[PDB]
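The data below hold one chain only, encoded as structure tokens and taken in the form deposited in one PDB entry.
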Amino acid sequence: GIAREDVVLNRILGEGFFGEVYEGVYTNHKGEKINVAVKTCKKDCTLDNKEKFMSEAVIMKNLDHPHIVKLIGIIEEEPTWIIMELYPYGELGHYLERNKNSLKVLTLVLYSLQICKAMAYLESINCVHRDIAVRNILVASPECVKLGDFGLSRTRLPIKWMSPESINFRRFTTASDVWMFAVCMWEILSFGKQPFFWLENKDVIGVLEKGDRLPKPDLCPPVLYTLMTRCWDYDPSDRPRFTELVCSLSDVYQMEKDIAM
């Protein structure tokens, strides 16, 4: 752990569910200047909120993975402070509306690839993620995205993104995660398009019932779109597991650095 002396703050990043994240600068217990993002808690509901914050906190100490947000340290006290590496490019949703053109599917599928690997690790430490959405993903480098942290676990509800069970029974298992994740894959190969932008929440479930799926994305293959289609199998048990999506997505992409001359 590290102390308030060590963190200079320099601007408000944005307003989380827990309010302010601030850009600032850590400075090493040995000398060095790491640029940083510092999550704090609102002006915050008695317990319900501080709890959910400590809880995200504590899961974070344990995490470790090239494609989840890096946790540098915590300061327990009043404003408790979660310190995370800064990712100077921001939400992938936006790095994406503003690059419709620069990006080659071979890229759009490395992103989805890497998130998926992030999910496979989360599965194995039995964590789930409830916000695998493109606003909740950071770009570290054009060649590298990092999942959220926030949604990390185990109101405002990304219904548009939720498997039917997740909705009917508020069960988020790993299988409903797989559904969700495919909805994020859709997003990425749709350059940041809102899933179901046309419906509002109330009549989503209906849709998926008569059997209705999200449009194939233009830049997205046949195989790949079928691989997403299985992830939206109404029946949880036909959905591919994470390790399955890794081994197989890492196909559709080494088969992609191929179609590249």
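Just count from 1 along the sequence shown to find any residue number. Each form is matched to the other, and the largest set of C-alpha atoms that superpose within 1.5 Å is called the rigid core.
We do not show the form deposited in another entry, though everything after this point is about it.
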Residue among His65, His29, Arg213, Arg230 with C-alpha shift of 2 Å or more between this form and the one not shown, core superposed: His29
Flag for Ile12, CA shift 2 Å or larger between this form and the one not shown after aligning core: yes
Core-superposed comparison between this form and the one not shown, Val204 Cα displacement 2 Å or beyond: no
Residue shift check between this form and the one not shown, rigid core fit, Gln194 Cα at least 2 Å: no
Direction of C-alpha distance change in the other form, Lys42 to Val145 (at least 3 Å): farther
